[PDB]
Amino acid sequence: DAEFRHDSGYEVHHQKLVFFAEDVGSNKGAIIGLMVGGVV
Ligand SMILES: OC[C@H]1O[C@@H](Oc2cc(/C=C/c3ccc(O)cc3)c3c(c2)O[C@H](c2ccc(O)cc2)[C@H]3c2cc(O)cc(O)c2)[C@H](O)[C@@H](O)[C@@H]1O
Ligand SMILES: OC[C@H]1O[C@@H](Oc2cc(/C=C/c3ccc(O)cc3)c3c(c2)O[C@H](c2ccc(O)cc2)[C@H]3c2cc(O)cc(O)c2)[C@H](O)[C@@H](O)[C@@H]1O
């Protein structure tokens, strides 16, 4: 039988940064990049 205890780890109440608890990432799809030299 394992005894679970929490005493020392991470103790930070006010964060000095914009703390967004969400996965930030825009769905773009198509990106610009025209490269046609000799044989493409
Ligand atoms: O030290 C770098 C800057 O730290 C900032 O505080 C910080 C120091 C550290 C953590 C310090 C840590 C230290 C030793 C160690 O063995 C382990 C972790 C972390 C901070 C801020 O926010 C992170 C945070 C807090 C709450 C969450 O729910 C999630 C993340 C935390 C964090 C944790 C982590 O697992 C990995 C990280 O890269 C960051 C200060 O405000 C700045 O002044 C300082 O320049
Ligand atoms: O998939 C990640 C691994 O593969 C490779 O990257 C990649 C980075 C990114 C895209 C990066 C992106 C970045 C910024 C941004 O604003 C927008 C899009 C994407 C990859 C691979 O394949 C996706 C792909 C390619 C052709 C298709 O016909 C369909 C999908 C593409 C993709 C597009 C998308 O609209 C949404 C996605 O989640 C992924 C790299 O080797 C590494 O990043 C990594 O190993």
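Residue numbering in chain A adheres to Swiss-Prot, whereby the residues present occupy positions 672-711 in order.
Method on record in the header is solution NMR.
Positions of Cβ are set from backbone N, Cα and C atoms, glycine also.
The annotation Cu(2+) 2 binding site is assigned in Swiss-Prot to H677, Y681, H684, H685. Residue environment of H677 (Cu(2+) 2 binding site) contains 5 other Cβ atoms, counted within 10 Å of its Cβ in all protein chains.
DSSP gives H685 (Cu(2+) 2 binding site) a coil state; it is part of no helix or strand. Taking Cβ-Cβ distances under 8 Å and a sequence separation of 6 or more, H685 (Cu(2+) 2 binding site) has no neighbours in its chain. Marked as Zn(2+) 2 binding site by Swiss-Prot: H677, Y681, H684, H685.
As annotated by Swiss-Prot, O-linked glycosylation site applies to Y681, with the evidence given as experimental evidence. Cβ neighbour count for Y681 (Cu(2+) 2 binding site): 4 (other Cβ atoms within 10 Å of its Cβ, all protein chains included).
With a 10 A radius on its CB, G704 (site 'Implicated in free radical propagation') counts 4 other CB atoms from all the protein chains. Under the heading site 'Implicated in free radical propagation', Swiss-Prot lists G704, citing similarity to another entry as support.
Counted within 10 Å of its Cβ, the other Cβ atoms near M706 (site 'Susceptible to oxidation') come to 5, all protein chains included. DSSP gives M706 (site 'Susceptible to oxidation') a coil state; it is part of no helix or strand. Residues or ranges marked as site 'Susceptible to oxidation' in Swiss-Prot (evidence: experimental evidence): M706.
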